[PDB]
Structures are given as C-alpha cells and as structure tokens.
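Basis for what follows: all heavy atoms, side chains included, without hydrogens, waters or symmetry-related copies. Numbering starts at 1 and runs along the sequence shown. Every number for a ligand or one of its atoms is a count from 1 in the order of the listing.
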Amino acid sequence: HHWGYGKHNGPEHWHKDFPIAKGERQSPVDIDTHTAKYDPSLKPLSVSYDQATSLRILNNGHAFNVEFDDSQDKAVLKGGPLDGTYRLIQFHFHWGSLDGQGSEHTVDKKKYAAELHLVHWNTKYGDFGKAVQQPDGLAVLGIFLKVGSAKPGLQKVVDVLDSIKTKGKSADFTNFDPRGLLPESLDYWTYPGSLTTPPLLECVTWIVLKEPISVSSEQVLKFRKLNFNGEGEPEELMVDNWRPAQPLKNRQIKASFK
Ligand SMILES: CC(=O)[C@H]1CC[C@H]2[C@@H]3CC[C@@H]4C[C@H](OS(N)(=O)=O)CC[C@]4(C)[C@H]3CC[C@]12C
Ligand SMILES: [Zn+2]
C-alpha cells in the first residue's frame, strides 16, 4: 500500500508515512500575485543548458522523468535567488485529467493544465542524495503549461511516451535539448519549499516562471495515455499526478519583476 494519487493513497494520506507533509515549508503553494513582493535585490536567472546531456526517460509509476548525465559541470542554474551553482539532474511534469487542472503551483488560484519541474542540485553537497538533506540542497525551476499552440521542443518527449507506457519502463533518450521547453521571459517568483511528492523533503528553493509555455491539446493528451500501473496490472491512467496547494505559513513569496 504505497503512496500515489488515488482516493486511498493520495495527498491527504501522505502524512501518515511522511509526517513532514504537515511541515513548515511544504510545496506547492498558491502564488498570490498582489502579496508577492518585488525584490530588487534578486538577480536575473542564469540558465545554462547549452551542454546538457540527456540519457534516458523513465516511467517511475508517478510521472515520467527525463534524466541527465550530471557527472560534469554542464547544465547549470545559478543567479536568481541562489548562492552558488546547481546542476540539472532531471525534469518531469505534473498534469490533469482535463485542461482545467494539473499544475501544482497556482497563480491567484488559477490552475494550469500542467507544470514542468527542472530539478537541480547544489554542487557544494557533492551529489543529489546528500543535497536533499540540506535546506538549500535543490533548486526546482517550475514552468506552467497552457493548452494552445504546440511546443515544437516538446514533441521528441511526447513521441517516446508510447515506449514507456507503464511503471518501470525506460527508454534511451539522448541529445534532448531542454532549452526548447523554456518560455521567452525568465521573470519568476521564488520561495523556500519542498519536494512535492514523498519524501516531501524541505530542501527546495522554488523558482516559478511567470510566463507559461503553450503546448497543444494533442501533446497533453499523449501525457494522459501513460499508466501509473506496471505492465500486466489493472490499467490506471496517469492523470492528476499533482499535489494541491499547501499552507504558506511563515513564508514570503518574492517576485523578480515589477
Ligand atoms: C530521497 C532521495 O534519494 C532523493 C534524491 C533525489 C530525489 C528526487 C529528485 C527528482 C524528483 C523531484 C520531485 O520533487 S518535485 N515534484 O518537487 O520536483 C520528487 C521526486 C524526485 C524523483 C525526487 C525523489 C527523492 C529523491 C530520489
Ligand atoms: Zn515535480
């Protein structure tokens, strides 16, 4: 009886195995745009993905993960609210059963169709396993998806999903350029939070871009054809793999922009 997103094992149950679920810096949150304070001391984000080397794509039973070779200093996030350098390890998405839900963060209670998470670890902790034990261990770059025009840079991902339909399936996925998933603007909100799935560790500096990317209805429909279950198990479509907004508590959301 492992955690997931259903009625019996979903977000409202997670606290039993992971009591930090009710902690002081949980994610996601609602971003109230009028209360977020412009912080002129925040620096522009530096996203350096020119040398990113993707290796593989995996259905882990909760999402699909595009994993990168992080053996060298290549694909790095720095600047913004961050001290030091954070290395890209993987990205994944959260999405809905319908276009009207799917994002984890919300903006003035607006839910987007999906949300992309590019996950980076602080190089001062040597590897990602050690980094998640630290309050400044990870930086997750969150990007909203709305349904409209297709995102051409997403299509290589969409097309490989047929080969990883079920939990535990992986596929080689080299030479994928994550620059193709970024919006024009790097204006962002930022706050201290957590992983949004178990183990819910309070190790994330969140950086959520204001500008969504547009993806086509057909692109997101293909996400919704994946399965939470393993091959030969009862079919459970991989939809609504999002955690709802959690209490902000004693936190401030800061805006990089006026
Ligand atoms: C406990 C542990 O080993 C950590 C190290 C890296 C973490 C992973 C980093 C990448 C994503 C981040 C993701 O958090 S999120 N949704 O806020 O971006 C939770 C799942 C997973 C697989 C994480 C689960 C817990 C992992 C395996
Ligand atoms: Zn995520």
Side-chain angles (χ1 to χ4, degrees), residues 3-5 9-11 14 17-21 23 25-31 52 54-71 75 77 82 86-96 101-106 111-129 131-145 157 164 167-170 178 181 188-209 212-213 223 226 228 238-246 251:
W3 71 266
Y5 293 96
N9 67 357
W14 295 349
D17 277 334
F18 302 97
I20 206 175
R25 59 173 279 184
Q26 290 289 290
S27 296
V29 299
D30 180 56
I31 298 165
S54 65
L55 293 174
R56 198 174 71 144
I57 193 174
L58 174 68
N59 180 336
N60 71 353
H62 310 292
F64 62 86
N65 300 151
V66 175
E67 303 162 348
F68 287 78
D69 177 359
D70 68 340
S71 67
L77 182 70
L82 308 168
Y86 291 68
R87 192 176 296 176
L88 180 67
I89 178 61
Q90 64 106 281
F91 72 76
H92 61 277
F93 298 82
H94 307 257
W95 62 92
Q101 61 187 38
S103 68
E104 294 206 302
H105 295 88
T106 56
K111 298 173 163 92
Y112 288 89
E115 187 173 329
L116 165 61
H117 292 162
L118 295 129
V119 181
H120 313 74
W121 59 274
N122 193 331
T123 62
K124 77 195 193 100
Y125 302 122
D127 67 17
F128 59 78
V132 299
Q133 303 303 324
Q134 305 295 337
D136 57 352
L138 296 190
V140 184
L141 178 62
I143 300 179
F144 298 117
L145 281 62
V157 174
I164 59 148
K167 176 176 64 178
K169 294 199 159 279
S170 66
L181 302 175
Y188 63 88
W189 297 284
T190 185
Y191 74 96
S194 73
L195 309 181
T196 69
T197 79
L200 298 166
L201 296 169
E202 287 178 340
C203 62
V204 181
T205 301
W206 276 96
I207 301 168
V208 179
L209 297 192
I213 58 166
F223 287 13
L226 292 164
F228 285 130
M238 183 180 285
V239 296
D240 296 317
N241 54 3
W242 50 278
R243 189 192 195 188
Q246 300 299 305
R251 296 178 288 176

Asks: Need the ligand 1 atom indices (1-based, order shown) with element for anything under 4.0 Å from a heavy-atom of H94.
Replies: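 Taking each heavy atom of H94 in turn, ligand 1 has 16 (N) under 4.0 Å.
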Asks: Specify whether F68 and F91 have parallel, tilted or perpendicular ring planes, treating 30° as the upper limit for parallel and 60° as the lower limit for perpendicular.
Replies: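 Rings of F68 and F91: tilted, 30 to 60°.
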Asks: What are the atoms of ligand 1, with element, lying closer than 4.0 Å to any heavy atom of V119?
Replies: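 By the 4.0 Å cutoff, the relevant atoms are 18 (O).
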Asks: Using modelled atom types and a 3.5 Å cut-off, is there a donor and acceptor pairing between side-chain atoms of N59 and backbone atoms of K169?
Replies: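 Side chain of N59 to backbone of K169: no pair is present.
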Asks: In this structure, does ligand 1 have an atom that sits under 4.0 Å from one of the heavy atoms of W242?
Replies: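 Under 4.0 Å: no for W242.
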Asks: Could you check, using the six-membered ring where one of them is a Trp, whether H94 and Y112 have ring centers closer than 6.0 angstrom?
Replies: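 Between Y112 and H94, which both carry aromatic rings, the centre distance is not below 6.0 Å.
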Asks: Any non-hydrogen atom of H92 lying under 4.0 Å from ligand 1?
Replies: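 A heavy atom of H92 does come that close to ligand 1.
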Asks: Which one holds for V132 and ligand 1: side chain close, backbone close, both close, or neither close, with close meaning a heavy atom under 4.0 Å?
Replies: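 The answer is the side chain.
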Asks: Please list, in number order, the atoms of ligand 1 under 4.0 Å from a heavy atom of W206.
Replies: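 Every atom of ligand 1 under 4.0 Å from some heavy atom of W206: 17 (O).
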Asks: Considering all heavy atoms of both residues, which atom of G102 and which atom of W242 are nearest to each other, and what is their separation?
Replies: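 Taking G102 first and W242 second, the nearest heavy atoms are O-CB, 3.4 Å.
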Asks: By number and element, which atoms of ligand 1 are closer than 4.0 Å to a non-hydrogen atom of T197?
Replies: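 Checking each atom against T197, I get 19 (C), 20 (C).
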Asks: Can a donor-acceptor pair be found, under 3.5 Å and without considering hydrogens, that links the side chain of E104 to the backbone of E115?
Replies: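 Side chain of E104 to backbone of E115: no pair is present.
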Asks: Salt bridge check: are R56 and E67 linked by an N-O gap of less than 4.0 Å?
Replies: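 Yes, this pair counts.
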Asks: By number and element, which atoms of ligand 1 are closer than 4.0 Å to a non-hydrogen atom of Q90?
Replies: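 Per the distance check, 10 (C), 11 (C).
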Asks: If only atom types and distance count, is the side chain of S27 paired as donor or acceptor with the main-chain N or O of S194 below 3.5 Å?
Replies: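 Between the backbone of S194 and the side chain of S27 there is a qualifying donor-acceptor contact (under 3.5 Å).
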Asks: With a 3.5 Å distance limit and no angle check, can you tell me whether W95 reaches the backbone of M238 through a side-chain donor-acceptor pair?
Replies: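 Side chain of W95 to backbone of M238, a donor-acceptor pair under 3.5 Å: yes, one is there.
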Asks: Determine yes or no for a side-chain-to-main-chain donor-acceptor pair under 3.5 angstrom, with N122 supplying the side chain and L138 the backbone.
Replies: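 Side chain of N122 to backbone of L138, a donor-acceptor pair under 3.5 Å: no, none is there.
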Asks: Among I89, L77, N65, whose side-chain contact (heavy atoms from CB on, under 4.5 Å) with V119 holds?
Replies: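 Of the listed residues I89, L77, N65, the side-chain contact (heavy atoms from CB on, under 4.5 Å) partner of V119 is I89.
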Asks: Which count of protein N, O or S atoms is obtained for distances strictly below 2.8 Å from the Zn ion (ligand 2)?
Replies: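 Count of protein N, O, S atoms less than 2.8 Å from the Zn ion (ligand 2): 3.
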